[PDB]
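A, B, ... follow the sequence lines: proteins, then strands. Residue 1 opens every chain.
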2 protein chains.
Amino acid sequence: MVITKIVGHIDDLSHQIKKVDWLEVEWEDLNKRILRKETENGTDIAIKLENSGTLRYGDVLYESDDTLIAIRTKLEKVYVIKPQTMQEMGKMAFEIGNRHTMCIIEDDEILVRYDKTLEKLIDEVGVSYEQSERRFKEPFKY
Amino acid sequence: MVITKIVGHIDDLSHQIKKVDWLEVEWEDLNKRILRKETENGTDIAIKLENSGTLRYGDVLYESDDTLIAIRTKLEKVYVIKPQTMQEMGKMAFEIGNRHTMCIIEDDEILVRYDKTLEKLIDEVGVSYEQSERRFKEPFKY
Ligand SMILES: [Zn+2]
């Protein structure tokens, strides 16, 4: 099916009553309005948004009586940088921006894709980080 | 006089007992080990450091019985960006680094030179800032 407009948004997944058939895309796909991929349950989806609205993690593409076809990003290896102070956050964020590395700044953490050549930078700045598996939940601005 | 090595450092200016004849330089000069300028009281100073040690604001170049010749940066117009949260700090710092703008991240503030085309960026990020006159007290790393 061809999707030209979003028809809803999942507020709180745990509270959703309908079955959710997810369309899992790449982080970069959230900044696109054109893409084609199959949902986890096998439905062919071609997103061709007829507007400039940016896709949001959790957006509903199609809704039937008992199912929601929604979009989210894939689970992937990431570095969860945890600055302990306003200064640590600023300095760490600055260095990341300076090397043009994609990231998400949520609350007091900096999410960046796993990148070996990046650890030497975090240590250099002296910020504590942890490796993990997460889904980027916001399209990268830029 | 030619200065090839630092001979002291001013801890706390208010507590210093000796007269301080300041050598006022540009922010960028703190990353140099070679420069020539006159002190406020008229002494010709040629800094030619015989080492890789970076100059520090407050470094003492020469000390006599009653006077200290020390270095500091000039007072200039700057923007004092004040992020209210860890997220504001990170996002603001990221954008600044992304456009390769020189800055100093001290505590919970971001010091950047006054730049008109930069206000639209701060507002875009939604961070509170204030215009002021300050001396950059740390050499810019990079
Ligand atoms: Zn660049």
Begin from the C-alpha positions of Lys5(B) and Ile3(B) and carry the test side-chain contact (heavy atoms from CB on, under 4.5 Å) through to its verdict. CA-CA 6 Å; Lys5(B) 61 187 63 175; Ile3(B) 305 303; over 6 Å; no
Straight-line distance of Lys116(B) NZ to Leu118(B) CG, nearest 0.5 Å: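 Answer rounded to 0.5 Å: 9.5 Å.
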If the contact rule is any heavy atom under 4.5 Å from chain B, which residues of [range] qualify, in numerical order?
range: residues 120-142 of chain A; answer: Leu121(A), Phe140(A), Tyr142(A)
range: residues 77-112 of chain A; answer: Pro83(A), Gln84(A), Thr85(A), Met86(A), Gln87(A), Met89(A), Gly90(A), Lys91(A), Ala93(A), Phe94(A), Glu95(A), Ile96(A), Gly97(A), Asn98(A), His100(A), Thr101(A), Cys103(A), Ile105(A), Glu106(A), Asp107(A), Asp108(A)
range: residues 21-33 of chain A; answer: none
range: residues 40-75 of chain A; answer: none

Path from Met1(A) to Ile34(A) over hydrophobic side-chain contacts below 4.5 Å: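 Looking at the clustering, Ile34(A) is in a separate group from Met1(A).
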Count the heavy atoms belonging to other residues, nucleotides or ligands that lie under 6.0 Å from NZ of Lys19(A), then report whether that count exceeds 12.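 No - once you tally the heavy atoms of other residues, nucleotides and ligands closer than 6.0 Å, there are 12 at most.
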